[PDB]
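Remarks on the structure that follows.
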Amino acid sequence: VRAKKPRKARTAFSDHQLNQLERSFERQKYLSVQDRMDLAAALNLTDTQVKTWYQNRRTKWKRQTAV
DNA sequence: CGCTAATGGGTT
DNA sequence: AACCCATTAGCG
């Protein structure tokens, strides 16, 4: 049942990282490439981890908007 | 299970 | 390139 393609380990975000990602999201639902890279740098996260966090946060946000 | 990080497969 | 968003899957 295991994938043939290697998947990345699941990142566990710190409370500090989640607090800052949530503050960023409340302010701006979409980030410029520069604002995203800068946030990744400030939090010692990868660009992709921040990009994906934003994407999955927008999914969650759209589901709450629908109720 | 529930939440949500990462990925698939297609769109913008 | 980044997004959309259904899906796959890790873990408390």
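The analysis underlying the following values was restricted to heavy atoms, covering all of them including side chains, and did not include hydrogens, waters or symmetry mates. Below, chain A is the first sequence line, B the second, and so on; all start at residue 1.
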- Item | Atom pair OG/CG of A:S14 and A:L45 - distance to nearest 0.5 Å | 7.5 Å
- Output the distance between atom CZ (A:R7) and atom NZ (A:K5), rounded to the nearest 0.5 Å. 10.5 Å
- Query: Is the number of heavy atoms from other residues, nucleotides or ligands within 6.0 Å of NZ (A:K8) greater than 12?
  - Reply: no
- Query: Going through the distances and angles, do A:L39 and A:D35 end up as a side chain to side chain contact (heavy atoms under 4.5 Å, CB included)?
  - Reply: CA-CA 6 Å; A:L39 182 55; A:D35 280 354; over 6 Å; no
- What about the rings of A:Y54 and A:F25, do their centers lie closer together than 6.0 Å? yes
- What is the distance from atom OG1 of A:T11 to atom CD of A:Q17, rounded to the nearest 0.5 Å? 8.5 Å
- Task: Using a 4.5 Å cut-off on heavy atoms from C-beta on, say whether the side chain of A:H16 contacts that of A:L43.
- Result: yes
- Message: So which atom in A:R36 and which in A:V50 form the shortest heavy-atom distance, rounded to 0.1 Å?
- Response: CG-CG1, 3.8 Å
- Using the test side-chain hydrogen bond (donor to acceptor under 3.5 Å, both in side chains), find all partners of A:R58 that sit at least two apart in sequence or belong to another chain. A:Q55
- Residues A:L18, A:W53; criterion side chain to side chain contact (heavy atoms under 4.5 Å, CB included); working and verdict: CA-CA 9 Å; A:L18 291 168; A:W53 185 94; 4.0 Å; yes
- Task: Let me see the working for A:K29 and A:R57 under side chain to side chain contact (heavy atoms under 4.5 Å, CB included), right down to the final yes or no.
- Result: CA-CA 9 Å; A:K29 298 296 172 296; A:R57 184 66 183 84; over 6 Å; no
